[PDB]
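Worksheet: one structure, shown below.
Letters A, B, C, D, E, F, G, H and I mark the chains in the order given here, with residues in each chain numbered from 1 onward.
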């Protein structure tokens, strides 16, 4: 910033923080608007051999849903959809604001 | 038997009673609608339009269909009474900007291909 | 309890469709024919319902194609012909039904290509 | 006559002064006003009519009114007090001349005063609206849509069938 | 099979199947089918008369506790005698699980309102009625929610046209907005995209 | 002893053991009127007997909370009240009867 | 893992009680807010001097559409209609026929710009880089009809903006 | 250009007073910038 | 109305300035999105999710992409998922700035809006640099992301993130301890935990009443299990606690953004399956299979196996879900969108009991409602 030092002191005293250290306007620390060209990696299925598509076909491995207890067609412990959720812990970083 | 369940009415007589109650409510409401919406029509025109809307589906013989029609009529009456509706909505019942469509064979032949 | 109606199903007064697009429409209930450019048959398994073709004209600006009937794009899909007939009847539309066309089985013989006395022998491969 | 007309609106404007000056109290003038939508529809139909090539039409309303009764009805529909007083032709003409000097749209002119106090001609030998398929709209069904703007807040919600149509000198 | 294919969790699948068996055992009067999908989602198919008991049991039972109604909607399948499918999506915070409850109805048969069971259902039911025309009995205030005042029809039905039947414009003669039959400068262009060759053999249907 | 359970509208309960015992006894009383072979009765009786037995065996409310795995004993009491209400409703509904009105032939068939 | 936002308890000693009393009676926090506004008053504003200064853009920016040519002047578009097929708004209308020399070329290429959502799908779908979204964004009109582009308008836009479009493409095609 | 200014104010254009046919002493707009200077001015490149 | 937050006809029943009844009328922005989706391919329907909740675009893209990926039984590459979480946290920051500053503007504090919308502008620049569009990028796709990051984007994201905390601090200095702000927000629109659970609330509307729920912690989706953050919890269930929760969520999302910046892995950006994801342009112009797959994916689109899913994410406004039904073709049969604002607004009449006009204005702001997703 181009502010004179007395203005900087006035700003820092009015706000209570050193404003100059973290300016909202970005002066010149940003990336250049022109960059070198990228190379870019190909990916996992680019292998020349041992790459048959039937071994990596996600869509063809989907199947219709499993039918449990179709109506047309002891011990018996009670059950729940999933184990009970476990209590959250209280923020070793900063528990209270 | 056909094993069907009702909405409100068991036969056509209860359905007709509900239709008569809805007609009474709309007939009572028309003058207030003309006053509140500042319509340029008369109360007679509004009541004739209400009667025409009722007669448009006077051929229904299913009590469930009549029940749903009465429910829809009550919904429309609630919209009118609370002023949710605007003047344009009330006046859409009259089709004031639509040119008449002729119904005889010769005029339809003259204008276009539609039957 | 139940009320035991004995009428015919008719929902036309509840669908909000204008009177013109109920009485003057004719829907077609058919299984689409196979596209003759391809050998696949996966598009000839279901029944289709479509409305009669209405007028299209050229837009004075841009020369685009204009339409005035709202049902020009509506196409329904049904598992059987009876379901489509029931839907059309309960909606009040008059319909035409075309029976499904199936390719009849054929007798193929690779050895017939080289027959000793028949006309089936092939001059080239 | 219509929402933007210089007919019904013109009469309504006179209330600010106090009284309504009329030549001969409007008892010797007969008017046959026609609705705007009827005229527009008649023009559209004359475009589409192959028989109306060289024809000459007269577009008039269904009723004929005395000027006094027409202005009384106009003031009744707007719920304004009607104070008609007779003004001689020369006095009215003098008043018209004064208004004319306006560099903007004049409130009235000598020509406007002349045309206002002139009876509408009867030309039964000419074809009319009914020969183009138009049923002319009476003033009693469309006056409220023009004059509701001229009412005070107290009378703004009054309905159309409340103001007792005027007497027409027909036949 | 490793990099590009979504992983499958067997443990979750087993738990959902057991809970589906549990729910089907407890309510045999209404449950017609229980299903668990391969991406770990559990579905329960019920008779329309069991809407209230099943939802209440799933909300209030100690082993269920699905206290939140995530979503309620309808699906229209015109080929079925019962046109409309009603889908409830429930989430359980106590057991960190989700469940889906399904039922069916047609144009003239009402479904019981689930407002007593869930406060959230009041708006969803209104939207189902507006978009599909399904009536819910004993609703506190049933009326249109999304469509314009006086709008006719139910636009989510398959039969309803995409562009509707009417349009709006301002008319200077009547000095208001008027409704007229739809006319389009350019008609929407329908595409036929489906391939004539079958894609997924695992879903092939018997040839009837 | 504890303040502010942490959920808005959920007051702290004093003497929660007595409340839980009362609620579990009432639940068992209601379940006693359901047919013995009904699955709801036996499953609910099993779980509520486990919870009652664990309540009777622990005087410390924190260790009771960590044993019940039910999240903050006040919500355990709320769940017990919910279960009692459900038990009465279930007694009225009788959902242990056989299935009514099997669905149509292809009601649930997808695709189409 | 969770934290509390409003679960603190104030001190009850005489010192802090008098501190809070002085806060109540002398408006200290309000003075602090005034001080923050005063601090902002003396900073440099973030406003730019449009139209003499412009906002920063990137080579990937999607603007007004254009049709491109090969270096010889021949058009790139070959009427494959992939852009028409993929367009989510149905904003592209295309007609074609064999040209007088047998080439596969269009006779109609219209883009309704009041239908377009400017998603850039058409330029991804194009296999010859014929249709692009160019960097221009200042093309407001006074009538609706000026935003219904035909083939001549799009070709003129391409000829007008090619010098920038080619440089923008050179800067991004290695990411595509 | 003035690189001491913050990003957005470090480049600017002073428009001409006469373009193809109109007097632009007062009436200027961003569409008077040709494409090459358009690319430089909007910071899509670093090279003028 | 300035405080109507777009198109809302809130019919209100008042005795003096006291509110007796709130009757929210909606549908003034109902555009019929779901039918339109029924008329498109899965790629063509993606830009609609940008315009559902136009303050959190990439989050909607992520939810829809997760649902389509689940129905496709495929998996995005790790770099795509890290990019998705990074931009989801950036989107959360954008949404929370919008929500807090416009709530303050309704209540009468205009300055923080102007202070924070400059940060919003810089984040729009990040959006445009990655996709070419400031707010409807359409970057996140079912197979991953459309394009890789430009060579200097992470540096500028780091430069923004190392300074955003001071802006949060300035906003907090303006609002948190102001007695007028506390008078206008404390004890306004209190809702109990049980009523919030029953009414279908989600997100901050649950957390402000003490409910310890967050989908990123309980049901993580992309790489949210590999980042660390805290969940702010309120204790009074009023507007002030929800405001504090949103500020702390901005701080936690800054934390997550730092972690995502440090742990960005290399590799491809979309699944290496050309029958779902389009190939690169050079491959399309060089090899036959790539051209065929490009043609078919941009004309017909990929077929999704039949089935139905409900996929939900932790959107900045609450739980955002899609009930997507597939019939086996390239077009969805049905796509029901679940917006949290729908339930939140349906619960407005309950939250307004015993309050005044200004209290109701404040209550609308606290709910964080966008009507694009409410009306759909």
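Throughout what follows, a contact is a pair of C-beta atoms (placed from the backbone, for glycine too) under 8 Å apart; a residue touches a chain by one contact, two chains touch by 3 or more.
Heads up on the chains, UniProt names are A = NADH dehydrogenase [ubiquinone] 1 alpha subcomplex subunit 7; B = NADH dehydrogenase [ubiquinone] 1 alpha subcomplex subunit 6; C = NADH dehydrogenase [ubiquinone] iron-sulfur protein 4, mitochondrial; E = NADH dehydrogenase [ubiquinone] iron-sulfur protein 3, mitochondrial; G = NADH dehydrogenase [ubiquinone] iron-sulfur protein 8, mitochondrial; I = NADH dehydrogenase [ubiquinone] iron-sulfur protein 2, mitochondrial.
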- If chain centres are mean C-alpha positions, then the most distant from chain E is chain D
- For chain A, which other chain has the most distant CA centre? D
- Task: Return the distance between the CA-based centres of chain E and chain F, expressed in whole Å.
- Result: 29
- Please compute the C-alpha centroid of chain C, do the same for chain H, then give the distance between them in whole Å. 61
- Message: Centroid from C-alpha atoms only, then distance chain C to chain D, rounded to Å. What do you get?
- Response: 62
- chain A to chain C, mean C-alpha position gap in Å, rounds to 49
- Message: Could you pull out the residues of chain H that touch at least 2 other chains?
- Response: 6-7, 43-45
- Query: For chain E, which residues are shared contacts with two or more other chains?
  - Reply: 3-6, 22, 31-33, 37-38, 41, 63, 79-81, 93-94, 96, 108, 144, 162, 173, 186, 188, 194-195, 199-200, 202-203
- Message: Where in chain C do residues touch two or more of the other chains?
- Response: 11, 14, 61-62, 64, 77-79
- Query: In the complex of these two chains, what residues of chain C are touching chain F?
  - Reply: 46, 77-79
- Task: Going by the contact rule at the top, pick out the chain E residues touching chain C in the complex.
- Result: 78-81, 107-108, 133, 151-154, 157-159, 161-165, 181-188, 190, 194-198, 205
- Item | For the chain E and chain B complex, residues of the former touching the latter | 108-110, 135, 137, 142-144, 149-150, 171, 173-174, 176-180
- Going by the contact rule at the top, pick out the chain A residues touching chain I in the complex. 15, 17, 22-24, 26, 29-32, 35-36, 38, 40-46, 56, 58-59, 61-62, 64-65, 85, 88, 91, 93-94, 97
- The answer for chain G against chain I in the complex is residues 1-7, 29-30, 32-33, 36-37, 40, 46, 56-58, 60-62, 82, 85-86, 88, 117-121, 124-125, 127, 133, 173, 175-176
